[PDB]
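This report concerns only the one structure given below.
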Amino acid sequence: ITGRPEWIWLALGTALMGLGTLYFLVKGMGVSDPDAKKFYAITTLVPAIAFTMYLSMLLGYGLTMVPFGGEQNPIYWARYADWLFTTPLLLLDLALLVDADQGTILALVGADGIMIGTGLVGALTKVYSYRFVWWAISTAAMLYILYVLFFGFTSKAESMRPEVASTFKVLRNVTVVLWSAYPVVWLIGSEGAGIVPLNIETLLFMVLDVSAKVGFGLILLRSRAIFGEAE
Amino acid sequence: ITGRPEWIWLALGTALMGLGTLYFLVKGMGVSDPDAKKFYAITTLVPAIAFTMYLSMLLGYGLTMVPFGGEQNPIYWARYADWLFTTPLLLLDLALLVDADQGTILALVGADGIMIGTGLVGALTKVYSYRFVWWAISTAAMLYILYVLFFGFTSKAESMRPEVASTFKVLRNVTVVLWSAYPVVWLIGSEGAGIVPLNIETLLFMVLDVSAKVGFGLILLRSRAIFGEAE
Amino acid sequence: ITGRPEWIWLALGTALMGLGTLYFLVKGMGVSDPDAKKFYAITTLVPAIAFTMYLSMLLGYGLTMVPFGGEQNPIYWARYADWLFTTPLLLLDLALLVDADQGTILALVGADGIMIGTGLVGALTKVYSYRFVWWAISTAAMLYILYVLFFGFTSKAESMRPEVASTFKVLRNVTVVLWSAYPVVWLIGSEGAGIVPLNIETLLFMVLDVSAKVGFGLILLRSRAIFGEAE
Ligand SMILES: CC(C)CCC[C@@H](C)CCC[C@@H](C)CCC[C@@H](C)CCOC[C@@H](CO)OCC[C@H](C)CCC[C@H](C)CCC[C@H](C)CCCC(C)C
Ligand SMILES: CC(C)CCC[C@@H](C)CCC[C@@H](C)CCC[C@@H](C)CCOC[C@@H](CO)OCC[C@H](C)CCC[C@H](C)CCC[C@H](C)CCCC(C)C
Ligand SMILES: CC(C)CCC[C@@H](C)CCC[C@@H](C)CCC[C@@H](C)CCOC[C@@H](CO)OCC[C@H](C)CCC[C@H](C)CCC[C@H](C)CCCC(C)C
Ligand SMILES: *C/C=C(C)/C=C/C=C(C)/C=C/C1=C(C)CCCC1(C)C
Ligand SMILES: *C/C=C(C)/C=C/C=C(C)/C=C/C1=C(C)CCCC1(C)C
Ligand SMILES: *C/C=C(C)/C=C/C=C(C)/C=C/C1=C(C)CCCC1(C)C
Ligand SMILES: CCCCCCCCCCCCCCC
Ligand SMILES: CCCCCCCCCCCCCCC
Ligand SMILES: CCCCCCCCCCCCCCC
Ligand SMILES: CCCCCCCCCCCCCC
Ligand SMILES: CCCCCCCCCCCCCC
Ligand SMILES: CCCCCCCCCCCCCC
Ligand SMILES: CCCCCCCCCCCCC
Ligand SMILES: CCCCCCCCCCCCC
Ligand SMILES: CCCCCCCCCCCCC
Ligand SMILES: CCCCCCCCCCC
Ligand SMILES: CCCCCCCCCCC
Ligand SMILES: CCCCCCCCCCC
Ligand SMILES: CCCCCCCCCCC
Ligand SMILES: CCCCCCCCCC
Ligand SMILES: CCCCCCCCCC
Ligand SMILES: CCCCCCCCCC
Ligand SMILES: CCCCCCCCC
Ligand SMILES: CCCCCCCCC
Ligand SMILES: CCCCCCCCC
Ligand SMILES: CCCCCCCC
Ligand SMILES: CCCCCCCC
Ligand SMILES: CCCCCCCC
Ligand SMILES: CCCCCCCC
Ligand SMILES: CCCCCCCC
Ligand SMILES: CCCCCCCC
Ligand SMILES: CCCCCCCC
Ligand SMILES: CCCCCCCC
Ligand SMILES: CCCCCCCC
């Protein structure tokens, strides 16, 4: 395990996701409100899935070698397995907060699936120049998602409770900033142009992942917006 | 890319799915009705997914070699990845049109999953005679789906709005004819008996795919059946 | 096929799932009640999926070799493909019976996904001692599911119809006993410590699978709890 310099960040990531999972699990024990239960379920599952995939990367299972540029390049494929399930759960948290219509939710989840799926294909593609074609398609799917979060959701939040409108606005802003960093790190890291070494890349993704999951969850689950308006 | 004679049909397929995706995306921009949004979301996602998988076939990612009959046989596995997601979306379009009950929808999607999954296993099976066992099981799942579309849905459409009944009937008929061709092409093509060469097989699937997705979508999204009855 | 001593149990399993599938399919033909249709759909799909995966194991497709302990160890990976889809369907049968809230259903299905997914990783892991780390995480996800079935569902059933409360209690008890055997068989069988040989392991899983699917389904589909209260 320690044979890879990036192991320290995989281990820290595993620990922080594990701790985040346990914290949300305990916190949600005292919850009976049916609406709050939905948000706790979604939000606890996110770091639990990430915990398993960080562990698989730490132990070496979630790593494969991909030939491109005349080299055997270490590619952590387990990231995409994580993201396939956790990024639509994160979007679902946002969509339920603002009572999004079903068509909009399906558009978001579908675009998200395309985003992660094409990122996976790009990560595993052996023809170097083609990796960036997949990156571009994935990034276009991301831009669609960000567009919807701003010009379909923000003006939906404003007709809702003030506490859900303010909580949505904060989580929207956190999401757009954090999620936009992922394609940049991929592009300059070992999957793309290879300018930033894998150990630093792994650190960067770990900070983004913990912030986008445990950070996000801490903000959401401390808000009164997750509860039905009750006396 | 041009090293494979079937590349021209993969390229045309990619282009037509891409163009179809953009057309539906633009067309649905001016839509606020919650019901119509569902149909636009579902129907736009279908060629978008197909676009990505056609591209993966064009670039060579979605192709593998399978030993059977003492030969290395080129198998485009990306078709099944496409179909796994797009065929239940197509069925969902039909089921929502007639306000199908939840049990019926689950039966359809489940049978569809079995249909595509067993087709994939058959496509990748190395014992030649066993490929046709999987083809038979998949075809039985197809026949179940077609049965339900006729003797569970058609008489559901007739108690609904005339515009939804007439639109459903047309899309049902398009679906049954087009979908029934797929097992025949598989059986006589490079996956099955090998009587029709891969380049012609690829052409045939491209015509079926564009018709079943973009053709289907053009009929559906031009109907007033996708809108709630409103003043 | 007969080259593997466990083939007889794979063949019997295939037959019993096939027969169970046909029986439930015929039985549900005379059903119009929308609630009952849901239970028939879910419950018929379960042995149908299991039939396909038992067949893939019989024909040899669903088997791979995994190096650990200095040996090539036969691992039937198709079990996890089965279980990935059938165990959440089984939980859905239980959850719908007691009209579980959406948050609880998502927690169950999510924990179940983690349970099966980590079992799959453990089954395919090449470092022997690490296989048991994945077994432990999977078992913890199982224990969560069993906890919810007892201390979240049982007291939900009691405020419902007596026929649904009594049917739920029986199916809950069947589920907890049968499902708890699976991690034990894995641990002592060819995936784990290797004390029980593969042919006996295969027998054990076949008895558990038929009981947990066809047995379970026979109890559920003969109950009046699956019908809406109607005059
Ligand atoms: C509604 C939304 C969910 C829409 C989803 C959007 C989605 C369509 C976007 C594209 C997804 C698609 C790229 C998934 C591809 C998975 C694939 C990378 C798995 C690895 O297999 C690739 C090659 C080795 O590189 O296998 C070597 C050759 C092997 C023989 C491969 C044969 C097995 C195939 C992988 C079977 C395909 C199954 C499905 C792709 C399962 C989807 C997995 C998940 C990653 C989407
Ligand atoms: C409700 C509905 C959805 C019901 C669904 C119906 C469904 C049950 C029908 C059968 C689906 C099942 C056949 C999927 C099999 C996928 C498999 C072909 C992927 C390729 O792996 C096959 C061999 C190489 O040929 O791998 C070589 C050996 C490797 C070590 C394989 C180990 C990895 C396994 C593939 C893990 C299994 C994961 C699940 C099958 C994911 C499902 C993928 C999708 C195609 C259904
Ligand atoms: C809401 C709930 C559903 C939550 C779900 C919980 C879930 C997160 C729990 C963990 C699931 C995760 C372990 C699935 C891993 C599948 C993996 C074993 C498939 C086989 O690939 C493993 C190695 C060979 O051993 O591939 C060799 C290297 C290859 C290059 C691998 C590259 C292809 C990757 C497999 C692509 C990943 C796609 C997704 C994992 C699809 C999920 C399949 C299913 C088994 C969950
Ligand atoms: C918890 C993990 C999260 C929130 C991950 C988010 C990841 C993305 C938004 C990834 C986006 C990518 C692209 C837009 C193109 C390049 C490849 C990706 C997959 C890194
Ligand atoms: C957009 C793509 C569509 C509508 C594809 C439909 C495909 C089928 C109905 C495929 C059916 C098959 C069988 C019935 C058995 C042989 C294998 C298949 C998968 C080709
Ligand atoms: C129809 C099949 C059923 C009901 C299978 C149930 C399987 C399980 C509950 C498996 C549990 C496992 C663990 C808890 C850890 C070890 C690995 C598994 C996957 C066997
Ligand atoms: C969105 C953030 C992307 C920028 C990442 C900056 C990383 C700077 C680290 C120094 C680069 C290491 C190069 C020498 C090894
Ligand atoms: C459902 C349509 C299946 C029939 C396809 C007919 C294809 C005819 C093309 C000629 C066959 C090529 C054989 C000589 C290369
Ligand atoms: C939950 C049941 C697990 C116990 C399984 C008992 C199997 C006993 C069979 C005898 C073991 C075979 C060892 C000699 C080959
Ligand atoms: C490819 C995996 C996509 C599914 C991820 C799980 C999250 C799905 C959330 C469903 C949202 C509800 C839509 C109506
Ligand atoms: C194996 C992939 C199956 C899922 C495909 C996505 C479409 C699912 C549509 C869900 C229909 C709603 C059922 C209640
Ligand atoms: C990884 C596969 C998980 C999906 C299995 C299919 C069963 C899903 C049942 C959905 C229950 C409804 C939740 C709201
Ligand atoms: C186009 C929608 C406006 C809100 C999205 C902001 C786009 C940020 C760009 C992210 C950088 C990705 C490379
Ligand atoms: C049995 C249901 C009647 C409607 C379905 C028509 C079946 C068409 C056969 C398709 C050919 C597949 C090989
Ligand atoms: C902790 C919840 C109480 C009900 C679950 C009973 C646990 C049975 C243990 C199963 C054995 C697995 C190794
Ligand atoms: C070796 C790099 C070749 C450049 C490929 C860039 C493709 C980016 C596509 C953006 C439309
Ligand atoms: C080499 C071909 C052997 C014939 C197999 C046909 C099987 C079809 C099954 C239909 C019930
Ligand atoms: C070779 C076996 C080494 C023992 C591993 C047991 C790990 C079990 C983890 C339970 C917390
Ligand atoms: C990680 C295993 C958890 C089993 C005990 C249940 C914890 C309490 C959860 C309350 C919903
Ligand atoms: C509760 C702490 C969980 C941390 C387990 C994984 C950390 C890796 C240590 C090497
Ligand atoms: C908008 C046109 C999209 C076409 C891109 C793929 C066509 C392949 C050209 C070689
Ligand atoms: C209807 C009987 C189904 C049995 C088919 C599979 C049994 C395997 C026989 C070798
Ligand atoms: C993006 C950083 C999130 C910070 C989380 C802090 C949570 C405290 C309530
Ligand atoms: C099956 C062929 C479909 C033809 C689509 C034409 C759409 C015009 C409205
Ligand atoms: C766990 C054993 C189940 C027994 C099923 C018998 C069904 C008869 C109604
Ligand atoms: C990591 C366990 C958290 C302890 C409880 C925190 C207050 C709910
Ligand atoms: C008003 C919300 C500001 C949140 C910005 C957080 C940036 C990481
Ligand atoms: C809305 C601001 C987006 C900031 C992008 C930051 C990418 C590192
Ligand atoms: C391909 C872009 C379509 C242009 C608009 C067509 C009329 C909505
Ligand atoms: C009355 C509907 C006829 C549609 C037939 C289309 C055949 C491709
Ligand atoms: C309902 C008519 C079906 C026609 C099947 C055509 C197969 C090529
Ligand atoms: C296996 C076929 C079952 C025959 C009908 C049983 C009574 C519904
Ligand atoms: C009162 C229900 C008892 C069911 C026990 C079944 C054990 C297999
Ligand atoms: C509730 C009793 C569980 C029995 C476990 C049996 C495991 C073989």
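Each chain gets a letter, A, B and so on, in the order the sequences are listed, and its residues count up from 1. FYI, side chains are in, hydrogens and waters are out, and symmetry mates aren't considered; it's all heavy atoms of this structure.
By the 4.5 Å heavy-atom criterion applied to side chains, B:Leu59 and A:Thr125 are not counted as neighbours. At a threshold of 4.5 Å between non-hydrogen side-chain atoms, the residues A:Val133 and B:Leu55 count as touching. Side chains of B:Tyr40 and A:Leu106 form no contact here, defined as non-hydrogen atoms less than 4.5 Å apart. A 4.5 Å side-chain heavy-atom check between B:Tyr61 and A:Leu124 finds at least one atom pair inside the cut-off.
More than 12 heavy atoms of other residues, nucleotides or ligands shown are found within 6.0 angstrom of CZ on A:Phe150. Heavy atoms of other residues, nucleotides or ligands lying less than 6.0 angstrom from CZ of B:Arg224 number 12 at most. Around CE of B:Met29, the count of heavy atoms belonging to other residues, nucleotides or ligands within 6.0 Å does not exceed 12. Surrounding CD of B:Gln102 are at most 12 heavy atoms belonging to other residues, nucleotides or ligands under 6.0 Å away.
Contacts of B:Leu92 with chain A are absent, with no heavy-atom separation under 4.5 Å from either backbone or side chain. Looking at B:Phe51, only its side chain comes within 4.5 Å of chain A, counting heavy atoms on both sides. For A:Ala111, the part lying near chain B is the backbone, with the side chain staying farther off; criterion is any non-hydrogen pair under 4.5 Å. Only the side chain of B:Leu25 comes within contact range of chain A, with at least one heavy atom under 4.5 Å from a heavy atom of that chain.
Nearest heavy-atom pair, B:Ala48 versus A:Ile114, reported as atom, atom and distance to 0.1 Å: CB-CD1, 4.0 Å. Taking every heavy atom of both residues into account, A:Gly103 and B:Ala41 meet most closely at O-CB, 3.3 Å.
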